There are 4 protein chains.
Amino acid sequence: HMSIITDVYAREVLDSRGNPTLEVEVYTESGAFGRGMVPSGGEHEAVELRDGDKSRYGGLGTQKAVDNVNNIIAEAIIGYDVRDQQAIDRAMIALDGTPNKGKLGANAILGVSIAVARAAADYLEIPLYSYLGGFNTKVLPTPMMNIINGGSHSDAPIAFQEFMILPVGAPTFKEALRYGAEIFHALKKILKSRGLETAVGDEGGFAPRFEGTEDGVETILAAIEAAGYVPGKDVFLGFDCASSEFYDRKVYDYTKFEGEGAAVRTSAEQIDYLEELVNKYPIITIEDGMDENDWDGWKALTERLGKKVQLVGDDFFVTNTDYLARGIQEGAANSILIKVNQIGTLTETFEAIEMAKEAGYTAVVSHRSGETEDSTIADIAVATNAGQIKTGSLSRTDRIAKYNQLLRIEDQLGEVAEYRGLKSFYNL
Amino acid sequence: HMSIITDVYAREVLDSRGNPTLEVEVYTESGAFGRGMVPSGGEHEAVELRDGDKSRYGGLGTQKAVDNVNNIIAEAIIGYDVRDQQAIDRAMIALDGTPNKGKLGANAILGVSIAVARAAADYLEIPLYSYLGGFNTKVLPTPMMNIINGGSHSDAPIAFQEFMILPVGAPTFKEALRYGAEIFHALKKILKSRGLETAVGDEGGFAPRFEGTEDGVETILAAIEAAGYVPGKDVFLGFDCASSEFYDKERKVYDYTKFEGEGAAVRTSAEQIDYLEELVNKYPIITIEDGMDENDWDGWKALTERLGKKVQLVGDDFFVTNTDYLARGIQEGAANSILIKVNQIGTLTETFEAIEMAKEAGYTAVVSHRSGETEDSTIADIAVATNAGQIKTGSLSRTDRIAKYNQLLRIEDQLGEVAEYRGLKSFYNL
Amino acid sequence: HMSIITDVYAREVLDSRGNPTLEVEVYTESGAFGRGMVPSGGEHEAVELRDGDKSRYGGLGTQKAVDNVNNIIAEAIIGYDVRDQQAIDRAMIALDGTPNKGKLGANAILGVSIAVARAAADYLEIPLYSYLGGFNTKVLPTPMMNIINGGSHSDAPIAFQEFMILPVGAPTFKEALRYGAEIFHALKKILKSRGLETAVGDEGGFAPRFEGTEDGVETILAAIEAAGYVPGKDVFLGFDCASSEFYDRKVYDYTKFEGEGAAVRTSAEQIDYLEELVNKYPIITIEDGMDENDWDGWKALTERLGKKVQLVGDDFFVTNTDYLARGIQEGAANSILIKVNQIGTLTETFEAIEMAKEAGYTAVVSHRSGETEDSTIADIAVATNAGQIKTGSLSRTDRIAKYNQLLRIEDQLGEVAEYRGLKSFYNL
Amino acid sequence: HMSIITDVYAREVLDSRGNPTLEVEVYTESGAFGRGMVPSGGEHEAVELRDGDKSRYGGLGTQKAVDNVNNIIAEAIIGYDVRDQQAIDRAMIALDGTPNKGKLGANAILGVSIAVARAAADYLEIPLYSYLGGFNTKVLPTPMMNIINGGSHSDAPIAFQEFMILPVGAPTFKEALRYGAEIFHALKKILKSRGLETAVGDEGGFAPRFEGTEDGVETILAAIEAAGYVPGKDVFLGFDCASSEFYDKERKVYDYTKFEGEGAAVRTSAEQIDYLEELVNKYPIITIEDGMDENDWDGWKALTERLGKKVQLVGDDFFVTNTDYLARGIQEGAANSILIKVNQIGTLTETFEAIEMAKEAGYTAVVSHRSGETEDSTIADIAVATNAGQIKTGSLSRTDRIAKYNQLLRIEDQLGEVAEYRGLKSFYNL
Ligand SMILES: [Mg+2]
Ligand SMILES: [Mg+2]
Ligand SMILES: [Mg+2]
Ligand SMILES: [Mg+2]
């Protein structure tokens, strides 16, 4: 048959940080074709396989993973119908035979998973989002756009890692994207006028030497306004606190990043602080506000702020349905960051999204620090009507490629497309 | 017939700086498809059309250009055979009817030009580089990789704009890429150890606050050596002086005080050549772009007389991908290389004519990125299609740059044993 | 796949002189078809394989070469994609395993090389020139048309071998061809009026019993004018001195062909003479003005005349990139005669052309003395925008077939076609 | 439908003498393709159309004929099934509406006729000879190969125009070709050893300054023997006397002084027959073309009465590929063979009718080249298609001639064990 996979081929390529990753190409007998590139990527998440050959790319080569694709996975999957995504994904999971995908490499597996899906869409002559999600695909995601960085991502005295804008008030994704771009550019103008640095970090945002968190937040609010948008109507704020990076015993220790005199907060006090911020600023989402293991803290945070703020588990959940299931049961968080490569197959990715939806949690499809020209996550967000996406700032094609794909998908959907904005926060 | 173009469609999208650009999609009756994305783009080069609507994207929208594609060019080109690239390019040129492509927009035109070629390669089921260049495509380009920035792209006291590494000594493109990546990463470590900034500029390189040019150069040499490579054997240096940015027209001088502070040198054309020669004798420099001002024709000739035998001398602003300027340079013995910017001329046909004119004069043609890039990697295919031998498409971070390097890896892989990375032998001009 | 070569078949056929050559037919699985005929053809050039069976065709049969195609090359190449020209060419080079292609025969190899390319063009349904050169093919070559012959090609007291006209001033190839035809016919009228012979030699030109070189040259100038063209504007002259045929010690000895009292010139004096001719007559190109081994002579000639006369290496370079590379380095010549069968593959042919272009040398694609009905060289000249061609006089279909193909290619290119005339001499 | 002609296109090209001719290209809806090139071409034969523009090609341009194809015939034939050769030929004949094809041009007509047939063979995916002649095609023709020329084609004192060798004794066409080639080459050596000219005429043969007919004939016999062949067993001779060129209408004599000098014979018709008989008795001559004048009907009959049993007697100018002339010749017992010139009649249909009329009378039909030829080899396919058994297509040099021999090699090769080269048995007229 014409839909039968005839070839599966991987090669080593580079990511947005100049570190190796891999891509896989799948062909069907009919000549349908898919390419799947893998982004960069706990003891309970999928492991990427790196070579450890320090004569090449500082040990970060992916040739072993590539060899696993070409010499092990290829022979197992050639012969399947390209459309049998779940069976293929499951076959790979069983072939690796380890929970963490560490034998074959989560990178090897995911590359194939994606390439197969793209080859199947190509075979059926339909867009990837339709192939993945069926006919009722229509929701363009509300983007959370990383504009300013702190913590491990800065030398400024700021504990939180990501500061985002969310153009919830736009009528369309196309407009939402323009809002973000204009705010980003306004911000850059502001930074220069203050003699602050406008070179960018890994996700296309700035890490300027602000005096502190409030400075950073207020500067963002200033850019929103200068661009002609209304904070708390057109545009909200989001944080990735990545609170695990300053958690140590039983305390969130801000001195790690905010200098000798910074606060050292108990879990009760951390919740207090996040609440202060939320009350002071138009913050609609907080990722990793509590530590990856502070389960009681997560529940309390969620008790106090979960009704009117999105609380996203990133390191708390590591795209792991066992972790998400427990969070759902315990009343911890109300949203999950979905990293395809943290789990390693499209099937498991979609299972996570669906588990989250069924619990009333939002599923926020996410980029990684090391990205590629692939835009599959855009198609995933629309395929599942997830309603939100986290794929970077407004510079760097590693980020902009995803926004561009969303523009295409919106364009292609025509009058059927829906950008729900605030209404995508069904968790609130 | 199945090769006939049935639709031509443009939309506004964003570039790597978050500024609008456009893309075009071409379809044939058979269902072959091509997408052409256009990068960001004086008085004798192609002009991109911007909306000037200060209510959107700070006046940088491309909806007028998109409308020109959809409402004027589409009409004109639908019905051509997708393979008639030259006829289509020429048709667009005549339809605009102005030298600079300013009625339709060079952006509108180039987007169609690229999308058509990509749709044709898709129709024929061959790689773009084969479509564009025929069967004898084999040369992987030696990349000049922008690692450190100065001048208008830094707040460090450094006049020159781009400092590049050229991994000429690698056996393959795949190796050459690794050499660059490893040097880039070693440099980043060095910068951190010195408390210098490692965030990146438009092209994915660093703009650290070095004490001066020699500091910057010596830091690159240190990174090369820390990565285990030998400067002047494995890796050479390249500059983009962008000397037009510090040339005083009126006093006919290269005034370094513009970027290097109050006490910096103010050089006559003779002294500028002297200085470039000093650098070339002190450091393993194999290429200098815009070493003299865009209008300093006598200076270009003198520079070329003094250094042209041993150093590549690339006209960027000197030539602006303009064959009338290139023809004059060839005739006067000015420069020995040209930076080829597809969107500075506006069609693939004219791009390839420029490359061929350069080759025939013994000049190298260095296919180049723009500051505002996209996920498109067509320039990779152009470099290989013409066996040009060199490419200039950024540092070793940012997918706007890396996408091109990744495509070069694919092309190399696809060519197998036929691929040739010529390294230093690509400098046929020297 | 449909593009896969399924058959490669050679047979012995005849050339324009009635001597054996060969042709090869290539078929793809889809039924695409190409036929490659080989023209007739130093210790450092490709060797054609002849049978040496003096019971057939005076030892000039090509059945061994044909057997090499059918029984060795066929089995090696069947299975390749027809479009993999370089790999196929390289495969053949390795299969022969000798520098000079003397095991299989350069004739066997080239026949396959050409037939494959023609089958690939046929497969893709595009013209050969497009297949070979990609999309940017447009330059119709300025032809150098051999009108009068001397030296080894005549019994007249004339040392130089070929005298050519170059209709540089025509607006189009179609016009250029007419200029040449009309001049040729005018010349024939002139020859008859003088009781001179108008039967033709191997390339379709005349070898009349002129009194000397000046007589021959002036007779040509007379024909140019009688046809209504202006020498030195519409039409220039070209020589093939083939100076190797009268070089012996350290002198160009004209007595070999021009009788007992002819000049015996040192290399300095030969340069002097060529300069005299160049100053006296509208000569734009001189092939083999110095001997194949007179390297210092070639450099001096090139120093003295290279700025405003094309200096073509034929025996100097024998389509050998090692020889061309050295000439480029030494400042010897500024043009190369490209004989496909002197090197033996299309790939190496195109590499030579590209090496020449990059040095600022013109590449003049050439016929051989023994030609066939094949017109591939026409397509090669346009494919590479080489700008010039050398393919004979204005009689004999072995020559006219190439001119006819150029008319077709010009016709097919429509308004894109460019005949650059003098501007094709980018070396000057 | 897929077999429908969708385009018919002509262009001006050149013949083997460097004079304009034309070609036509035919396409069907399926993409099947044929190209028909036309060779160079009294009052009862088809007339080629020439422009008469003395500013181009000495008045020999074919642009009017090309325009007739493109602007008149194309219109009329587009829409026919490509396989309807007769209907198309007849349609062209009616569209011209003159006996001689002088309105459209026989050249315009024949180019379309050939191109259509070639496009049809391409459509059906069969060889042209099979398309034209059906399944029972097998006879490779015995070639009459013009080696030496006299009369109007020489300045030697020789009245007869063509002297030919016929390799009748070879087992195959491939061998027959070799025999000719080797004899041709041995002759060239002989000519050089005697200081005679070896440059060639229009048909690739020699026109040396021999002392007379017997010298020329004996030199050919010497070449045959030097090549190791036996005259009158392996190889016979043929003449084209072209006797019309030396026939004095008014004194009703064959006047040899026209070419053989002041003292040459002046023969009555009875004496001409006597002379031809002398030659035939002295030399291994198997065929004589135009032995009598084009209008010497009684002379043709008498010649045929005297020599027709043992010698082939070919009407060229006597018949001008005209079935009214052939019919009269058959009826009066004049000649026993006809030279078939496709362009002297102008369509493939009429060509094949002539061949068939000849066969049915016991006359051989010898398919012939013209002085101005092209790279086309259709006449080879015609010879085999009709099992005609003989061909006249030149000497053993010049691709205008050799292309036909090469095609015959291909056809022979393609037929395999079915091919038959009948040699002397092709002379069914004797
Ligand atoms: Mg996080
Ligand atoms: Mg520059
Ligand atoms: Mg020569
Ligand atoms: Mg005759």
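Note on naming: letters A, B, ... go to the chains in the order of the sequence lines (proteins, then strands), and numbering restarts at 1 for each one. Values below: all heavy atoms of this structure, side chains included; hydrogens, waters and symmetry mates excluded.
By the salt bridge (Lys or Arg N to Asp or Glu O under 4.0 Å) test, D/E203 is found to be paired with no residue, residues two or more places apart in sequence or in another chain being considered. In this structure, the salt bridge (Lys or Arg N to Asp or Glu O under 4.0 Å) partners of C/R11, at least two apart in sequence or on a different chain, are C/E23, C/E25, D/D413. Legend: residues meeting salt bridge (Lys or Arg N to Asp or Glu O under 4.0 Å) with D/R118, ordered by chain and number and at least two apart, are D/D376. Applying the side-chain contact (heavy atoms from CB on, under 4.5 Å) test to D/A10 and every residue at least two apart in sequence or in another chain returns D/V24, D/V66, D/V69, D/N70. With sequence neighbours excluded, the residues satisfying side-chain contact (heavy atoms from CB on, under 4.5 Å) with C/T397 are C/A401, D/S16, D/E375, D/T399, D/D400. Every side-chain contact (heavy atoms from CB on, under 4.5 Å) that C/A121 has, sequence neighbours left out, goes to C/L128, C/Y131.
No side-chain donor-acceptor contact under 3.5 Å links D/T172 and D/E175. C/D202 and C/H153 share no side-chain donor-acceptor pair at under 3.5 Å.
Of all heavy-atom pairs spanning D/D15 and D/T21, the tightest one is N-CG2, 4.0 Å. The nearest pair of heavy atoms linking C/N341 to C/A46 is O-CB, 4.0 Å. Between D/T137 and D/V384, the closest heavy-atom pair is CB-O, 3.8 Å.
Distance check: C/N19 CG to C/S369 OG gives 9.0 Å after rounding to the nearest 0.5 Å. From D/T393, atom OG1 reaches atom NZ of D/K404 across 5.5 Å, with rounding to the nearest 0.5 Å.
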Intermediate values then yes/no, side chain to side chain contact (heavy atoms under 4.5 Å, CB included), D/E12 and C/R178: CA-CA 11 Å; D/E12 183 185 57; C/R178 182 173 69 93; over 6 Å; no

Trace of the side chain to side chain contact (heavy atoms under 4.5 Å, CB included) decision for C/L14 with D/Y405: CA-CA 8 Å; C/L14 294 187; D/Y405 298 134; 5.6 Å; no

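A donor-acceptor contact shorter than 3.5 Å links the side chain of D/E48 to the backbone of D/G41. Judged by distance alone, the side chain of C/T372 and the main-chain N or O of C/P39 form no donor-acceptor pair under 3.5 Å. Remark: side-chain polar atoms of D/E289 are not paired, donor with acceptor, to backbone N or O of D/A242 under 3.5 angstrom. No donor-acceptor distance shorter than 3.5 angstrom exists from the side chain of C/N149 to the backbone of C/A207, with no hydrogens or angles considered.
Ring orientation note: the planes of C/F206 and C/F184 are close to parallel, at an angle under 30° on the 30°/60° scale.
Contact check for C/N404 versus D/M37: side-chain heavy atoms found under the 4.5 Å cut-off.
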